[PDB]
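Participant: Task: produce atomic coordinates for the following.
(2 chains)
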Protein chains: 2
Amino acid sequence: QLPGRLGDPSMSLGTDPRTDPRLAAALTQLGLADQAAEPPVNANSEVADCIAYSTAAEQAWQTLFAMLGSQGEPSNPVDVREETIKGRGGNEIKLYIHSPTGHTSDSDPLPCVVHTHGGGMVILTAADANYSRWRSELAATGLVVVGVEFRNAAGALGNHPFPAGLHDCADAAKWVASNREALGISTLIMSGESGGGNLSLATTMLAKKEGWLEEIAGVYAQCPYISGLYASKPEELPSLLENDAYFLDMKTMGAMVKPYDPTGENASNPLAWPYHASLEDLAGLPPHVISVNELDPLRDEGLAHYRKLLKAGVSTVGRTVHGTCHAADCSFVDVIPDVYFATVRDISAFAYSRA
Amino acid sequence: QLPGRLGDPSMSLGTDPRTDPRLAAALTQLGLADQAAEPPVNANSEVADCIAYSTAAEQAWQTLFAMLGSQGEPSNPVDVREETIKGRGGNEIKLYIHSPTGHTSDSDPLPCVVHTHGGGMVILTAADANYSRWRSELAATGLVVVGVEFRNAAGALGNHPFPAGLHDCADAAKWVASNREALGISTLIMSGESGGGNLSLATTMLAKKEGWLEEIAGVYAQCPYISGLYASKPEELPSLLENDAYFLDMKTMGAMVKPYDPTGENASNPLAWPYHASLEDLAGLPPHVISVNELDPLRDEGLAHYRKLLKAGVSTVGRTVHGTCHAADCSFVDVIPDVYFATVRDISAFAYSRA
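Facilitator: Numbers count the residues shown, from 1 in each chain, chains lettered A, B, ... in the order given. Please find the structure below.
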């Protein structure tokens, strides 16, 4: 039998023999083990209706993710402070700066992660408890972690289509790069998951285009949401069928593409959807790690991009995190702590390896 | 198209779109990118002929690994010393002990890895350049690494069938566990690849059987060679077909099973072939990481074991290393250094996480 829904169309995260049983049990309690429901909007819906749907959904997702993340704290003490910087267009960008307690500009410099959160570039915020927890767990390993509060296509921080969020992430990375002494940092890597994996990849491609690529020492992109092809069911990406409605569903994602690119004119623009990068777009980029989730419909576009990076001559490591739905290793610290912390340690070790 | 030879029976490491192109290029120059040849012996061959073949094959593998493994040294200085201990039956077991230069019994204790090398439990030695390099690279991250020179079923260190090598690995681990102060170590994990993945898993199961399980804080098993089913195409293990003759040839491994278990009486003994463990056999084991290679015919038995460990309630992380043939991340340091060191960092971080 072929895996997932290729072998059994009725299969779900709750019934798939590949799911980590601890995660399956937690998903069942959250109502997320069964196949995701069909949404009232899709890729053919009007932009305004796609925006409204995403905006209406945001709080419920925030509530769910927060409870995964608010019930504890890192083993080592961490400080968080806020800084506001100016975007290229004059907008104010909030940064959440996480560091080990006692770390100052007089300390031995630590590696830095510029963190770009998920939510499909459309919803969720850096202030959300799951993302704050993630940045603090990273900082606790001996890192300065900068959480970018970038503009979103919808929701509380909307409504700002591509390239607004990308520009904010780029401007934040540039600020970090020009404030190394003040932050007490050595090198800088971009990292994030899902829509944030997209933004970390795209920020680095943009740095190349803008002549500041040397500031970025590496990229650790988790479960990247990078094809934009969820409405088109491309044959080259079987995971879209195999794991459809495993937390994420094609129809919902197809609707969520629209707020990011309302005209559709960026469907093959690598800065909007990195999966579409040419070798030339990637040439000369610093080392990358691409980390995908086994039971994720986005798995194959992440792995395809991993292969593209290699073809372009980029130093690239590719990792599948087994037993996990989309982004589970970024959030489910109370249920699969071994998996969660394996990823935290991997990202931190990678950051250290670039210094 | 289905992946690898499932979609195209003529596919090889050299033509598979999944292969890391750096690895593909290196294999092509070595003449090892094409499908591996049909062996002169198989599972139907007399045991004596399988032993003779295995013994004859050892030199070719050693020569290949020597060139991959001796051309450099760790970034941090490492000392190596030798200690000889007594096995339970009275044989002498050589240990290669690698540590950061300056590390003594008076230093702050470091985590320890007891390393069990590959070679299908039949060939290769701890003194081989690739294994020495691996242990030194691990030590360079801040570890004491103990390389066990266990008895083999064939070759220079033969001919000792199951359970000889297993007993040697167990006895080495017990010695390390009884000499923590002298070695300057905190915790110890078992780690190794392929046949050494088997031995690390089996050593830990034997510790459970013998009541000294508490001494082992974790297990990091790479590309484990654990089913013993290479002659038969079990349908639950599609990778055996998908990636057959990618570096490893399954008909060949069917022959190499025989020196380990000449009577065949241990084919479903979990201490010889951990894939056959029951849920009760695995209950109570300490945390595991199972790390498989994407383009490895052994991939699926490793992943199956990962899932069984979880079903038995063991804390388990599962990782696929993409772009790689069997064990490539353990040896091809000059060709895919980012992948090689990603694994070194992962093992070390796991060891630290148990202390």
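Participant: any idea how far residue A:118 lies from residue A:181?
Facilitator: Here the distance between residue A:118 and residue A:181 works out to 31 Å (Cβ to Cβ, to the nearest Å). Placement of C-beta: from N, CA and C, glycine included.
Participant: and those two? which has more neighbours close in?
Facilitator: For the pair residue A:118 and residue A:181, the greater number of neighbours falls to residue A:118 (28 against 9), based on other Cβ atoms under 10 Å in any protein chain shown.
Participant: what's near enough to touch that one?
Facilitator: Shown here is residue A:118, whose contacts under the criterion Cβ atoms under 8 Å, 6 or more residues apart in numbering or on different chains are A:124, A:192, A:193, A:194, A:195, A:196, A:197, A:225, A:327, A:330.
Participant: Could you point out which of the residues you listed is nearest to residue B:12?
Facilitator: Proximity of those to residue B:12 was ranked by Cβ to Cβ; the top entry is residue A:197 with 31.6 Å.
Participant: Got the phi and psi for residue A:272?
Facilitator: With angles defined as degrees, to the nearest 10, residue A:272 sits at phi -90, psi -40.
Participant: Thought residue A:263 was touching it, still the case?
Facilitator: No - contact status for residue A:272 versus residue A:263: not in contact, 10.9 Å apart, counting by Cβ atoms under 8 Å.
Participant: Flag every residue of chain A that's near chain B.
Facilitator: Residues of chain A found near chain B, taking Cβ under 8 Å from any Cβ of the partner chain as the criterion, are A:17-18, A:20-22, A:287, A:289, A:294, A:303, A:306-307, A:310-311, A:315-323, A:338-339, A:341-342, A:345-346, A:348-350, A:353.
Participant: which of those count as buried?
Facilitator: Using 16 or more other Cβ atoms under 10 Å in any protein chain shown as the burial test, those include A:18, A:20, A:22, A:287, A:289, A:294, A:303, A:306-307, A:310, A:315-323, A:338-339, A:341-342, A:345-346, A:348-350, A:353 as buried.
Participant: From the residues of chain A next to chain B, which land in helices?
Facilitator: For the residues of chain A next to chain B, the ones inside helices are A:21-22, A:303, A:306-307, A:310-311, A:338-339, A:341-342, A:345-346, A:348-350, A:353, with DSSP state H as the criterion.
Participant: ok, now which ones touch residue A:105?
Facilitator: For residue A:105, the contact set (Cβ under 8 Å, 6+ apart) comprises A:181, A:182, A:183, A:184.
Participant: residues touching the first one, list them.
Facilitator: Taking Cβ under 8 Å, 6+ apart, we find residue A:181 in contact with residue A:105.
Participant: residue boundaries of the strands in chain A?
Facilitator: For chain A, the strands identified by DSSP state E occupy A:78-86, A:92-100, A:110-115, A:144-149, A:185-193, A:218-222, A:288-293, A:316-321, in order along the chain.
Participant: helices or strands next to the shortest one in the packing?
Facilitator: When contacts are defined as 3 or more Cβ pairs under 8 Å, 6 or more residues apart in numbering or on different chains; DSSP states H and E, strand A:218-222 packs onto strand A:185-193, helix A:195-210, strand A:288-293, helix A:337-354.
Participant: Distance check, the closest residue to residue A:168 other than its chain neighbours against residue A:162.
Facilitator: In this structure, residue A:168 finds its nearest non-sequential neighbour in residue A:150, 3.7 Å apart by Cβ to Cβ, 6 or more residues apart in numbering or on different chains. With the distance defined as Cβ to Cβ, residue A:150 ends up 12 Å from residue A:162.
Participant: okay, those two: which has more neighbours?
Facilitator: Neighbours per residue, other Cβ under 10 Å: of residue A:150 and residue A:162, the larger number sits with residue A:150, 28 against 21.
Participant: Check the contact between residue A:270 and residue A:278; I expect there is one.
Facilitator: Yes - using Cβ under 8 Å as the test, residue A:270 is close enough to residue A:278 to be in contact (7.2 Å).
Participant: and the two? which has more neighbours close in?
Facilitator: Taking residue A:270 and residue A:278 together and counting by other Cβ under 10 Å, residue A:270 has the greater number of neighbours (22 against 10).
Participant: Quick check: that one vs chain B, distance?
Facilitator: Here residue A:270 is placed at a distance of 20 Å from chain B (Cβ to the nearest Cβ, to the nearest Å).
Participant: OK, contacts around the residue of the stretch 51-200 of chain A found nearest chain B?
Facilitator: In the stretch 51-200 of chain A, the residue found nearest to chain B is residue A:141; the distance is 9.2 Å by Cβ to the nearest Cβ. Taking Cβ under 8 Å, 6+ apart as the criterion, residue A:141 is in contact with A:76, A:344, A:345, A:348.
Participant: Among these, which one lies nearest to chain B?
Facilitator: Within the set of those, residue A:345 lies nearest chain B; the separation is 4.1 Å, counting by Cβ to the nearest Cβ.
Participant: on that earlier part again, spit out the contact partners of the residue nearest to residue A:168.
Facilitator: For residue A:150, the set of contacting residues under the criterion of Cβ under 8 Å, 6+ apart consists of A:93, A:116, A:126, A:157, A:164, A:165, A:166, A:168, A:169, A:172, A:199.
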